[PDB]
Every structure is written in structure tokens, then in C-alpha cells.
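S.K.: my complex, first installment, coordinates as in the assembly:
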Amino acid sequence: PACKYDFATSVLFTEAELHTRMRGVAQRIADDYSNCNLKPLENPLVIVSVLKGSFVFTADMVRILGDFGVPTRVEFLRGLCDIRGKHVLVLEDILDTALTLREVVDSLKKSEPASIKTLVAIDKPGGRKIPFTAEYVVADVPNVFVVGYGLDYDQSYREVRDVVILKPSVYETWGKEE
């Protein structure tokens, strides 16, 4: 068969596949935090959106979370104010070397929250520079460079609804920054 995008070698996860998984994740999150007594305004779940591309994943997840009765409050680190004593769920579009999430988590602990967990959309477990495990993972991809669903190559292809493998010909031809 052939690929749908002329800039991609293959499609790893469609928008439908992602959303389907995100409901399963949201179900578990709804169960885990059911004993935290989460309420809008009073005690909402503080969603920390790390990296610029995570705005697509964050926008979809919080609405799916809202369907499962989980009140949220967003902060963007693309912050560390008024999180003390509250629950913090760090959201990130992708995870491999785990260097980004590690520093953020260790930085949020300084403000001393009620709890802190991480939720990623795409996890590349074979890319770790340090040991790290996200409490919630939507999907796993091998060590290949992907774009779409917020993930970019030089600020492009974020708006792609599917997580696809970027063609090698694309990011070598665009190697013109010189």
C-alpha cells in the first residue's frame, strides 16, 4: 500500500487512534484522582503543558478529561505559581531522552504540591538518557523522528492530525540553513 501524506513514509498513529487511547488514559486518571476530591475553582487538577507543541495534545486531553469528570487548570512552560498543595499533572507531546520532563518534575517539587504525575502522548522508551517512566502513556513509537499532532520539524507539520514518520528526504533537503 501507499502513504497518505506525500511528506511522510508512513502513518504511525491516526487522530482516531490517539483519541481512542486518550479516553482509556482519561478513564484511569479519573479513577486515580477520584479520591482527591477534585472540583473546579476549589481544587482543580493543575495541568502543566511542557514544550510548545503540546498545545494540541493539551487542548484535546483536558476536554476528554472533562468528559470523565476531571476538572483541570492549565499552565504553559513553552507556571510555578499557586501549585503548592495542589495536584499536578504534567503534559508533554513526546518523550525520549526524558531530560525535559526530569528537570520540570524536580522543579515543581520545590513548590511542594500535593502530588505530581506525568502524561505523555508519544513515548520513545528506547531514547532514554536517564531512567524515567511516565505514569500515563498514550502511545509508543520506536526510535524514529515523527511529526504531527503538535510535533514539528522546524516549526512545521504541527497541524497534521496524525503522528507520522517524516520523510528523510524532507529534513535533508530543508538542510539549507547555511
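M.R.: Here it is on my side, so go on. Numbering: from 1, shown residues only, chains lettered A, B, ... in the order given.

S.K.: list of residues touching stretch A:61-72?
M.R.: Identification of contacts with stretch A:61-72 by Cβ atoms under 8 Å, 6 or more residues apart in numbering yields A:19, A:22-23, A:25-27, A:29-30, A:33, A:38-40, A:43-47, A:74, A:91, A:119, A:121. Quick note: C-beta positions are derived from backbone N, CA and C, even for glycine.

S.K.: actually stretch A:45-55, sorry about that
M.R.: Contacts to stretch A:45-55, defined as Cβ under 8 Å, 6+ apart, come from residues A:33, A:36, A:38, A:58, A:61-62, A:65, A:70-79, A:83, A:86-94, A:100-101, A:104, A:108, A:113, A:121, A:150-152, A:158.

S.K.: then stretch A:15-30?
M.R.: With contacts defined as Cβ under 8 Å, 6+ apart, stretch A:15-30 is touched by A:60-61, A:64-65, A:67-70, A:89, A:119, A:121, A:136-139, A:149, A:161-163.

S.K.: mind running it again at 7 Å?
M.R.: The contact list for stretch A:15-30 (Cβ atoms under 7 Å, 6 or more residues apart in numbering) reads A:60-61, A:64-65, A:68-70, A:119, A:121, A:136, A:138-139, A:149, A:161-162.

S.K.: and then chain B:
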Amino acid sequence: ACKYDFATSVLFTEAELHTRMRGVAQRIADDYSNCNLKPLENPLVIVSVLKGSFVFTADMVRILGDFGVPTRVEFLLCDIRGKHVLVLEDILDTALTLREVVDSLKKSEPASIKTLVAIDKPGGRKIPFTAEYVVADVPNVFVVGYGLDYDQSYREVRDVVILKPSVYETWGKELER
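M.R.: Placed with the earlier chains, chain B looks like this:
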């Protein structure tokens, strides 16, 4: 009878918004047809203003993609000189925010500037300002949902709703002793 114990009524549903956003996307595609927009090289620079516009931005760029409009996003810049700029904002009221942003972006000499808002409140203007693209209009009422908040809450509400007056009153919890 809307399914919201914290809202009195639903002004626009998620389905209604998306339907309108496709219609806007069709016009945006037609208008920027002579701009030669391509990924990487010359994409349409989306400038998302306000914190709660991330929901509207996330959906719109994907809908813009469906209609063949390549985009890159910046959140509120440099590297916009000579490039077409579309400024997105979740809501438009007094138009004090967009007026400042648009005028500030003009200093960087872009190819063109237009504005796209999801919810326009024409009767809330403190200064005159007209957006090129408007998804929906609402009268002078305070709304939440689709990125719009009340004290950082209710952004995750899929629909644009009017909060029940009991919400602010119960949230009158002034236990600051």
C-alpha cells in the same frame, strides 16, 4: 435543558463551532491562494494571543490543514518579516488586546496581517476594531468554555456556555483568614 449544572444555557456547541470554522477555513484558503503558502519555506504564521486560545488554535490549524493551508504557530516575535501573519484569539471584546498586538506586529514588516477570532463580542468595544474572520458572535455576556475561563477554570468545557450566577456566588469563598 443543557447538560451543565454550572451553566444556564449553551450559546455555541463544539459541533457548531467546528462547522463555522470550516466555513472560515474555506475563505481563508481562498484569500491566501495568491500567497503561495508552503510548509517550511513560506507557511502561514499563526500568532496565538491570550492563554486560553490554545484550544481554538489547536483545532483551527488542523482545520486549516484540511483545506490546504500550511501553518506555524507562535504564542504570546522576529522571523516574521516578509511572511503572512494570521492572528488568532479565543475571544474579542474591548479589542484592546488585538489592537496592541496587531500594531506591534506591523513594526516587524510582515507580508500581511489579518485577525481570526472564535467569539466576537461587538458590543464590548472600548475602541473600534474589526476582525477579518469571525467564527461566531455573542452579545454582552460573560462566557466560558472552549478555552475561555472563569478564574482559570472551565476551559475544558467543549461548548461556549454562560455560567450560572450561583457559580461566582458560591466561589465567593472569602475564607482568607
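
S.K.: and the contacts of stretch A:15-30, now that chain B is in?
M.R.: By Cβ atoms under 7 Å, 6 or more residues apart in numbering or on different chains, the surrounding residues in contact with stretch A:15-30 are A:60-61, A:64-65, A:68-70, A:119, A:121, A:136, A:138-139, A:149, A:161-162.

S.K.: tell me which of those residues fall in strands.
M.R.: Among the contacts of stretch A:15-30, the residues falling in strands (DSSP state E) are A:119, A:121, A:136, A:138, A:139.

S.K.: so which of those is the closest to chain B?
M.R.: Nearest to chain B, judged by Cβ to the nearest Cβ, of those is residue A:121 at 12.4 Å.

S.K.: what is the distance between the longest helix anywhere in chain A and the centre of its chain?
M.R.: Across chain A, the helix with the greatest residue count (assigned by DSSP state H) is helix A:15-32. A distance of 12 Å separates the centroid of the chain from that of helix A:15-32, by Cα atoms, centre = their mean, to the nearest Å.

S.K.: same check, this time on stretch A:75-83
M.R.: With Cα atoms, centre = their mean as the basis, the distance from the averaged C-alpha position of stretch A:75-83 to the chain average is 16 Å.

S.K.: need the contact partners of that stretch.
M.R.: Under the contact criterion Cβ under 7 Å, 6+ apart, stretch A:75-83 has outside partners A:46, A:48-52, A:104, A:107-108, A:111, A:113, B:51, B:75.

S.K.: which stretches in chain A count as strands?
M.R.: Along chain A, counting by DSSP E, strands occupy A:8-13, A:45-50, A:72-77, A:87-95, A:115-123, A:136-140, A:146-147, A:163-166.
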